[PDB]
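J.: Structure provided below as structure tokens; questions to follow.
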Ligand SMILES: *[C@@H]1O[C@H](CO)[C@@H](O)[C@H](O)[C@H]1NC(C)=O
Ligand SMILES: *[C@@H]1O[C@H](CO)[C@@H](O)[C@H](O)[C@H]1NC(C)=O
Ligand SMILES: *[C@@H]1O[C@H](CO)[C@@H](O)[C@H](O)[C@H]1NC(C)=O
Ligand SMILES: *[C@@H]1O[C@H](CO)[C@@H](O)[C@H](O)[C@H]1NC(C)=O
Ligand SMILES: *[C@@H]1O[C@H](CO)[C@@H](O)[C@H](O)[C@H]1NC(C)=O
Ligand SMILES: *[C@@H]1O[C@H](CO)[C@@H](O)[C@H](O)[C@H]1NC(C)=O
Ligand SMILES: *[C@@H]1O[C@H](CO)[C@@H](O)[C@H](O)[C@H]1NC(C)=O
Ligand SMILES: *[C@@H]1O[C@H](CO)[C@@H](O)[C@H](O)[C@H]1NC(C)=O
Ligand SMILES: *[C@@H]1O[C@H](CO)[C@@H](O)[C@H](O)[C@H]1NC(C)=O
Ligand SMILES: OC[C@@H](O)[C@@H](O)CO
Ligand SMILES: OC[C@@H](O)[C@@H](O)CO
Ligand SMILES: OC[C@@H](O)[C@@H](O)CO
Ligand SMILES: OC[C@@H](O)[C@@H](O)CO
Ligand SMILES: OC[C@@H](O)[C@@H](O)CO
Ligand SMILES: OC[C@@H](O)[C@@H](O)CO
Ligand code: NA
Ligand code: NA
Ligand code: NA
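Residue numbers (the deposited numbering), protein chains in the order written: chain B, 103 to 475, 492 to 724; chain B', 103 to 475, 492 to 724; chain B'', 103 to 475, 492 to 724. A prime marks a further copy of an entry chain.
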């Protein structure tokens, strides 16, 4: 006579299957396997970069400031009518006999200006040899020497225009700088020089560039310089180039072009540079600098490189030094040092290696080193793409390694679990089966197979319980589970059955049991429970009350949340530009406006 | 009489529950679901950047080196008193009638210097028209032409000051360069020119900038140039600007400002630029370059951009060329090309797309393209923040995708597992229950629920076994499990029970069994085993001996270890700066020290 | 008489074990635990960088363009013989009495040139005081003023050489710029000045650098400037430096060196800068800029820094302003502001913090702030290594956090699973055991242990079934499972047994069963099934037919695929260089070729 308290569930009549429909538990699947593991070859690496450093060398300038001053005299004053200042070369001979020999210098200048030979006499007086005194010391200045420090104008002869000459033999060490092709260089003064620093006579150095005549250059063999301050003769000789331009006479110690120059610079040395082979490329991993390189499989011809001899010396010099401190007692060099080109344009020198362990493998890999086998290379300033490559790769693996491993433990588990479901199905088919089919049913074991038949739904408001459970027709023998009556649909007849497990509606009431004392049980009725006390209904219940426990194992996985990368520079191109103390462009844009701003440019009088 | 060998464990008396405390297995939880999946719209993209390239064009300089030389003669020598060198413009008329027509040039100069008109005659001789010969070929030099190559000084008249003039009409092609606003430009020589290259008369070009008078500029219409070397007349005419500065006469072919100029440069072309919508922004993914862009939802007005017409031509020119080689047979353009602004300042042109597949969706998305709808933009040099954005995002997903998927397989598993625990509990409640409650207990099935009662601990040193298992009161009927006696506490009475499963202390000995031959068994006693042989104790044991097998499935997960990112530049700002051959600042800092170092600056004589 | 249809499997005879070999289920392992969780200390941070900005200040130039022109007159024309132009300083006195007082200027120049005092008179006429008019307005130009705008040449006296003087007192405001050590600076004009801007007399400013005499510098105390355009006297006084170089007289308002200068620049302000302690270093995480810093544990002495006072003011000024808008009501400053040095060279100022929550912890951490306790620092331009560090770390954790958590849920699961396998083994040992041992066997429970004995293989082509299952010797009592006969090897005798579960060959046929109606079953025979209908063979079968269901739970894990990072720059070093309008190097390389190209350099006549 008693209904249900909560109807947020559904009942099901489970008529035994006939065998019509038959299923089977899916057999174990085949589990994936971890890759054979990447093979990393050890090897010392050296990375060269496009040398943007100008070739630098030292030199010395020899010239004479020639200044002629004209003056007009007044009754109680005077004025410069014109100061015509000029700068003349110190003839080759004077540079050797006077300056280099005795630290002296002629009081005259003698050179060619405007297709003509002029001659200046200091103070318009007879010629003399004057000693060279050091120039005034100044903050951050190369060494400088000169003849006199006082100019010379005409002696007073009132109401007249007189002329006065001033000669100052100046010599100072400067810094010259040349760039590829090295067919011309510049001094610290700004004076350009249109000859190769490597020009000369010895050893084919005469095919170097010169835009000058032949009587201007004079290479001196076996040359000992006499310092102009300490006055000491050089202990060793040099081959000395001496060029004489219309404005000055440069000189410098001649050296060969190939050894003194190189279009590449040793940039990064790497102890451990892992080399691997991925789909027709080599990945040079450097854990140290966090950088991975991508190259081709075949080497790169050094001979194809324009002026790149330092590379050889530079590289080997390092691979030896490293092999020493490190590989001297653990590894061995494999094949000769190899050279490959990387994306962006970084030249990489490599020396494959093997530990004393795998000594037995030398033979094979040695061949693999040999199977690897006039312009200039352009390199990028940004090495981020590689560190991205490195960082991404480094992570691409771990994630896939761990997640890959996980995948396998899983497959093995599901297959491993089958064992249990198999046993469980025999025990409680109606329960195990349902889950598996996805729908609520009833099933039986036709040997080694299952045969299922669906269970018909029944609303809860169509279910009644009997206030008792005792049998009178068999006293001392009651039912193990509560008695109930139910309805199909709403207007259909009323049926009676015995309450089963998990709201099954059993058509039979053969689940009998010899009555006993201390009989107390809870039976899942509706969306909750029904507590019968001593073979008699007591009251229903919600599932909330009954203390809940868990067969589930928890796992708290949050997701990785978004993040914005703000554009960030340490120094903007604006700062970088501003940093410069002087700006040529600005200086000219300003200075060249002078006559527009401060003067009249078109006005003419007659 | 026999104790235990190992006492690193604990015993438990498990008195049947009364039903007082009752629990229930937690019901299946609800499993999360993978997001609906991100919607990526295909589209061809073009990315423009702040054009830092100066506007560049070609021109030609017309001037005359005017040099007056004064000389003093001696008995056996001579000297330059003053060489006053000047540089004069070639008047507009002469540039057309003499130079352009016949490759000739006047032997005179005629111009205004210092608010006055001066006239120089070459060699101080009557005027002439002289032909223009090519200048001496030099390494890397623009074309140059001139009149004469020999200077001119006065003929000898001993003991006198004489005057000599030298005129050299020089013409040479130079490279001019202008920057925004393009109201002035510079020549390859360093000479500034304070007029817009776009100045002129035609089509409002007269509102361009000029800091000069009107008689200095002269635009020539229908202009055919006669090459000075090949002597050939141009086949096509140009509008020719001719400005005459106090120092020289520039000239160049006039062109419009808007088409010839643009404040942006087509930088990167992208075939596949995925566009997505995340919380009020568009993420432009380029797999190719590894770069993701962040923009607003509404477009950006090109009209708002200052001088940006090339952008239009540039963009479309590309989206067509790409759509051709690629999208010609697979996709279709959606709406008009759209323009959005990205962080950092990269202008992005986009052309949304759809494959022939989803042709039925054109209508809707077309509107979504239209719903999208005078200064200059500043762009950063660093595109790393984006490649970080890209790289991070690319990984942020996979990890969350896979780990997300995992989470779900888990929830489903635990719920799936419940089925088993349910069956297992009926079988062996005391075992299944314990694990679940967390503590060791005993339990019974009060229908569809569990009722538990704790088990009291018993030290191992308080446990004794009987050397036998045979019953005399029922011969041919022994016990299935060993006999034992135990103690509560240490000083308490001694109790007798039957050994149960996993060290349970059963209060009853009703586990009887008809004796049999070949009876041999191991029973978990203490921290090990007790091997009874033929219903009689034989000896205890440690668990070590018994071959162990595993129900567990292994998973080896290591963690991702730290890594340091060393600061790494390919070229330091120091190198970058050094690379430059000449440094204006250095040159001036040095040169301007001259008089301090090598001369006397305050000394005065009278 | 009937064989098998499919033989892609194997049969096994499973003779009961004797107890010889005995095993045991591995006991639960100990599960790892998540780390105690990283402790992050909140704190406001400010990051300074190597200041590459030149020190900038304003000044004013005072000079006089002195121009002497000489002309020769002809019958119908004239010419400049020589224009000797010079530039003279405006004496200290004139700068105060004439220019600053009345906006006037002397019509004469009076200075020292070439160790001699010259005197120029404008127009060669008596001295005058001339007013200073503004210079012609020009695009983007500092203020300029001058005396006259018309030059002056000699009046016509035909057939003669006459002389004319021109003096133009010019004054213009320029921008000076100095760099460390700030012992010299330059003007906007390009004129260098070899004195420290901080030189003076007051407060030890006389130990600053000067390469000049003492009569050239003149610091004026209590100085009010009278604007030359508005003519207004300054409302406040300044200490005014006035240096007089041979070419011009600079002047500027003197200021102290330490406050006006600093070798570092406040670069990035960070509200939330997480500070953590990892193996002897601090990691400064800024979520905002995506950047993590690495420093030492002990602070860095500011006193050790050369000229770094602005840092103090700059830093605190910010930490206060932030603490205001934010920490004013939630946190509290902990200890004094601390300073540490980071890799690459970024100075970081930090102010540790605690929320009002953990107020009780102030005491301890305060000490930890104190336990933390003349050159210049070099900073890198690339901040990518840090954003890599940040990005990598940020991900290194999540992956390890989640995957770590996973590992634990696993261990707990396997141990949790043991419970089930334990129950399952009792039920079906032959099944549960096999899986566990890895090989197919049969086993029995010797109490609390297992005893196994292998099962011998039997080819399928050696297996026959009986067309029926009914017993005649016991009518109304048949077998539950099909009858079969089999062979060991190929030539061995024929044995008879009863079909068991999963192709076991039972030696006994005691699995009898009282015959029943509606008997229909499938028995796994060979690689498929055998369907007996009513105790009689009907036909074999393949496993394909029988509807398959799954006990396995799916998990779809793909791997993270490779990706190439193309080298990518926004502006190449080539563009960066090109961008510059003028290039000094180019200008000189070109200009200095002049005489080679356009003239004769060696030819001499006599
Ligand atoms: C790497 O080397 C191992 C043995 O050293 C070898 O078994 C394996 O084949 C190699 N890796 C690959 C991908 O072939
Ligand atoms: C490697 O060789 C291929 C084929 O010549 C070429 O396309 C590719 O650019 C090369 N890679 C590098 C790093 O230059
Ligand atoms: C995670 O789930 C919740 C917190 O979100 C909590 O109830 C549970 O105990 C947590 N599990 C573990 C072990 O982290
Ligand atoms: C993406 O498109 C699909 C169908 O094309 C749609 O079902 C889904 O709603 C869209 N994504 C989101 C997040 O709405
Ligand atoms: C997008 O619009 C918002 C609102 O005007 C603005 O704050 C933000 O700066 C814009 N984003 C970009 C990329 O400029
Ligand atoms: C991982 O665990 C250990 C090695 O740490 C080893 O005993 C076991 O076999 C490994 N499992 C697998 C399958 O990697
Ligand atoms: C971090 O702080 C917590 C309490 O605030 C403490 O228990 C823990 O020991 C600290 N972390 C470490 C690694 O010691
Ligand atoms: C920190 O101190 C150690 C020991 O003096 C030193 O080697 C290291 O370079 C320092 N770190 C930094 C950031 O300079
Ligand atoms: C994943 O496995 C396959 C697709 O590869 C499919 O049959 C299955 O349904 C998928 N499982 C889930 C839930 O993603
Ligand atoms: O470029 C010439 C080369 O020698 C230098 O850069 C390095 O030594
Ligand atoms: O033309 C030179 C002018 O611009 C100033 O530099 C003079 O000091
Ligand atoms: O800046 C002017 C523009 O035309 C060039 O940069 C590219 O063509
Ligand atoms: O003032 C010019 C001096 O610095 C040298 O460049 C001369 O060669
Ligand atoms: O370098 C001097 C300093 O004061 C400036 O860079 C910032 O104010
Ligand atoms: O020597 C100056 C020449 O190179 C040109 O700049 C003249 O206009
Ligand atoms: Na003489
Ligand atoms: Na004449
Ligand atoms: Na006079």
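Don't be surprised by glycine CBs; every beta carbon is placed ideally from N, CA and C.
Looking at the strands, I want to know which residues DSSP matches up with residue 364(B').
T.: None; residue 364(B') has no bridge partner.
J.: Run through chain B and tell me which residues come within less than 9 Å of residue 619(B''), C-beta to C-beta.
T.: Under the 9 Å cutoff, chain B gives 566.
J.: Which of the three DSSP states, helix, strand or coil, is assigned to residue 593(B'')?
T.: In the structure shown, residue 593(B'') sits in coil (DSSP, three-state: anything other than H, G, I, E or B).
J.: Measuring straight from C-alpha to C-alpha, what distance separates residue 411(B) and residue 370(B)?
T.: C-alpha separation (whole angstroms): 18 Å.
J.: Could you have a look at residue 306(B) and say whether DSSP puts it in helix, strand or coil?
T.: Helix at residue 306(B).
J.: Going by the C-beta, is residue 443(B) closer than 7 Å to any heavy atom of ligand 2?
T.: The answer is yes for residue 443(B).
J.: Does the structure place the region 546-555 of chain B' close enough to the region 674-693 of chain B that three or more beta carbon pairs sit under 8 Å?
T.: These segments do not touch.
J.: Do you know offhand how far residue 125(B')'s Cα is from residue 646(B')'s?
T.: Residue 125(B') and residue 646(B'): Cα-Cα distance of roughly 33 Å.
J.: Give the residues from the region 520-540 of chain B' that approach chain B'' closer than 7 Å (Cβ to any Cβ), ordered along the chain.
T.: Flagged, chain order: 520, 521, 523, 524, 527, 530, 531, 534, 538.
J.: Can you tell me the Cα-Cα spacing of residue 679(B') and residue 514(B''), whole angstroms?
T.: Each residue's alpha carbon lies about 8 Å from the other.
J.: Report yes or no: do three or more beta-carbon pairs, one from the region 144-154 of chain B'' and one from the region 611-618 of chain B'', lie closer than 8 Å?
T.: Too few Cβ pairs lie closer than 8 Å, so no.
J.: Tell me which residues of the region 248-278 of chain B have at least one Cβ-Cβ distance to chain B'' shorter than 7 Å, keeping chain order.
T.: Cβ contacts with chain B'': 252, 253, 255.
J.: How would the residue list near ligand 11 read, in chain order, if you kept each one whose beta-carbon is closer than 7 Å to any heavy atom?
T.: Matched residues: 708(B), 709(B), 712(B), 163(B''), 165(B''), 189(B''), 291(B''), 292(B''), 293(B''), 349(B''), 350(B'').
J.: Based on DSSP bridge pairs, tell me the residues matched to residue 612(B').
T.: Looking at the DSSP assignment, residue 612(B') forms a beta bridge with 605(B').
J.: For residue 371(B'), verify whether its CB is less than 7 Å away from any heavy atom of ligand 1.
T.: No, the beta carbon of residue 371(B') sits no closer than 7 Å to any heavy atom of ligand 1.
J.: Is residue 458(B) helix, strand or coil by DSSP?
T.: If DSSP states are grouped into helix, strand and coil, residue 458(B) belongs with coil.
J.: Can you tell me whether residue 579(B'') is buried or exposed? The criterion is at least 16 other CB atoms within 10 Å of its CB, across all chains shown.
T.: With fewer than 16 Cβ atoms within 10 Å of its Cβ, residue 579(B'') is classed as exposed.
J.: Against chain B', with Cβ distances strictly below 8 Å, would residue 385(B'') count as a contact?
T.: Taking Cβ atoms only, chain B' never reaches closer than 8 Å to residue 385(B''), which makes this a no.
J.: Between which two residues does the beta strand (DSSP E) containing residue 415(B) stretch?
T.: Careful: residue 415(B) lies outside any beta strand (DSSP E), inside the alpha helix (DSSP H) at 412-424.
J.: So which residues on chain B' does residue 687(B) lean against when the C-beta distance must stay under 8 Å?
T.: The contacting residues are 498, 499, 500.
J.: Just reading off the alpha helix (DSSP H) that residue 633(B'') is part of, what are its end residues?
T.: Looking at the DSSP string, residue 633(B'') is not in any alpha helix (DSSP H), and its letter there is neither H nor E.
J.: At a CB distance below 7 Å, what residues from the region 218-243 of chain B approach chain B'? Give them in sequence order.
T.: Answer set for the region 218-243 of chain B: 218, 220, 221, 222, 237, 238, 240, 243.
J.: For residue 184(B''), does the count of other Cβ atoms within 10 angstroms reach 16, so buried, or fall short, so exposed?
T.: Buried: at least 16 other Cβ atoms inside 10 Å.
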